[PDB]
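A single chain comes next, written as structure tokens; it is the form deposited in one PDB entry.
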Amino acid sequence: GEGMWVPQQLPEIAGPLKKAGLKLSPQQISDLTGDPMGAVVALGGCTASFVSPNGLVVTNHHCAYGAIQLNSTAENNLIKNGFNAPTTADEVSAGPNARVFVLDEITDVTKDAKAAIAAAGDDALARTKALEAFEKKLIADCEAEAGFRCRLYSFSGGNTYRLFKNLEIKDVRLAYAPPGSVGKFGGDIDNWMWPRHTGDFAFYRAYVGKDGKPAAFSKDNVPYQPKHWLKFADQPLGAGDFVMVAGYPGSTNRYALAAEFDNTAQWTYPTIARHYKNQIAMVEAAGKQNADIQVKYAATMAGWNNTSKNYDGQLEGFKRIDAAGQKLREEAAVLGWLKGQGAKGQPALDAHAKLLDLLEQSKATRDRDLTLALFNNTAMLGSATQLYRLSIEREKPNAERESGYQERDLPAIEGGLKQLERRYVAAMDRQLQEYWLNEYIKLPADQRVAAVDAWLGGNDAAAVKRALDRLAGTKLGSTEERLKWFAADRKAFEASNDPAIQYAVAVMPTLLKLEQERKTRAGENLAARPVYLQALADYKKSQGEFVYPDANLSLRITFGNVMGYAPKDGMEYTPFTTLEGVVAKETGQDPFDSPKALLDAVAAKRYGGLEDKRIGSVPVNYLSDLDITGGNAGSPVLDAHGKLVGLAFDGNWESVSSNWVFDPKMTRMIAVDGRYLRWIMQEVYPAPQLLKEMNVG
């Protein structure tokens, strides 16, 4: 059911947990470094979990796909064939940027955070600056012990702050991946869809140095020995059974004001989807003649195509359930209730009014803010603005520098400059500059920027065509040139007659103002947001409900049951798929082309001891009413006793609105059953050593 619950509040929702089917105490699962939550690790963008005392880590195949790809060549194509390391020495590096973060300590720092906010008071902008400041110092201090990465997270509008210190494992090796036609069966056709038949799993192993401290890749490293790890279920999972997921959902906005929501649904999402569709059109079209354009923009267009399709999906989902109506009605009920109280209710009504003010402020300049951001996200101008900005930031003490522009950020920046080249064609990027300058000249005139008009030398298509011509003389199309500028101080920027650099110098005063306008609204949100949210929580209590905080990249538990859904009268989606269903989709050309050993095993009914009696086959994937979102890929699904019964890997189409709502009747997670993991590793692409290692061989 609905909710991304923090571990610390589990004892408080004991009754609902118990009622859903949980058999462990809330106390035991409320311990983030205990059994089993201390087994759950973050990979940065994906969830994963320890599954052996010798550092074996399980996650999705699409989470590991970069690692797998990195180790693949046409000659030895792991993507297609799968990968299996018979001994730990056979295991291959996932790359320098691969991580496993294991929780080591949590601290509640709410009082210190709130003081640094308070003690620098009344002034919104300075409130935002004092919180930044507090944060940068806390992390610096916490990260003084080498081998740790620390993060500070704010809950429910900054009602609570917690510091997480994580062991940062930096040598991650690939141990196993099924063939791609298992790990990605159905491809893009079956994405977001049920029925699903995708074996979306893979295994890493975590390594440390002989001294037990994190270390970069080295053949002197040895497997990390986790304190906790998960074990495979010994009871079969069936329809109605309790399940729970632990993972790191990135963000939700479940408590947004009705007007905030209307703004996104009526302006933000349609606007961004239109832009993205337009840029896609132009890449494909340019792309059919070049061929260099269509290879270098390929990932770019895929990213825009996802978001475009995602937003369009959400917008349809909103209509389906009248999202904006329900939000309006609930909100009226909360305001009604607050008026209900006396003087007591006034603070929350104020906070609400203020939030509505802040919303109008940001709406006044929304076309401009968006257009400018995306224009500055084109290759030569992004490059120019980022580097000039770095040059300004470099002149303050590292501690006073803007996050993203610090010592620690420098390798990431330098890397993007190089990476840039793989996705940049001058002819293409000029069409994209054109596109965005034309969006800028079409803005409502009250959101023009005098600075930008000044640099353009006007505000119509003729000024734009001139500026494009002027800009084609930049040298920043060259990686050398960009690293040159990477090194340059700001007087060099302000003396440059390179037209990309002159743009950056001309717009930066404006970019900085807008930044400080954002931080000012944030400083205000800091005061009003927790107060409004506290009142939502109070009103929920009065209806006997519990509340959970919006997701914020911290570990959460969602719980519920295995169950299907019915999108139409006379029909139901059943909670499980089976082996025979994989085979019935076989074409086999991509993406419905299973390995021959799979086709044969299912044809022989070689179920390998894993058959579930209730469905009469080995289950493949399943549906349940858990509440997950981006960041939960790879998350372990556990049963009523804390044992591993699957991995989260996708949602059904009706999950696409997870940022905004949860629909008890239709929102479902799609998991791959742990029995399918085992079956694949027994009968199709065998990993006897790993099964032996996990006590199921």
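Rigid core: the largest C-alpha set superposing within 1.5 Å between the two forms. All residue numbers are counted from 1 along the displayed sequence.
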Could you check which stretch, 392-400 or 540-548, carries the larger mean CA temperature factor in the entry?
-> 392-400
Given the B-factors recorded for C-alpha atoms, which segment has the greater mean, 498-506 or 614-622?
-> 498-506
Maximum C-alpha temperature factor, selected from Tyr532, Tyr204, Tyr565, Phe493 | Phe493
Highest Cα B-factor in the deposition, which of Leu230, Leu437, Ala130, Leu553?
-> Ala130
Going by the recorded CA B-factors, say which third of the chain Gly631 sits in, lowest, middle or highest.
-> lowest
Considering only modelled residues of the same chain, in which third does the CA B-factor of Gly34 rank: lowest, middle or highest?
-> highest
Would you check the entry's CA temperature factor for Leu70 and let me know if it's in the chain's lowest, middle or highest third?
-> middle
Assigned third (lowest, middle, highest) for the C-alpha B factor of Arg196 | lowest
Here the Cα B-factor of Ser181, set against its chain, lands in the third termed lowest
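Just so you know, the form deposited in another entry exists too; it's not on screen, but the next bit is about it.
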Which is the one residue in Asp220, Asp234, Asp446, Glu145 whose C-alpha moves 2 Å or more between the shown form and the other one, relative to the superposed rigid core?
-> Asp446
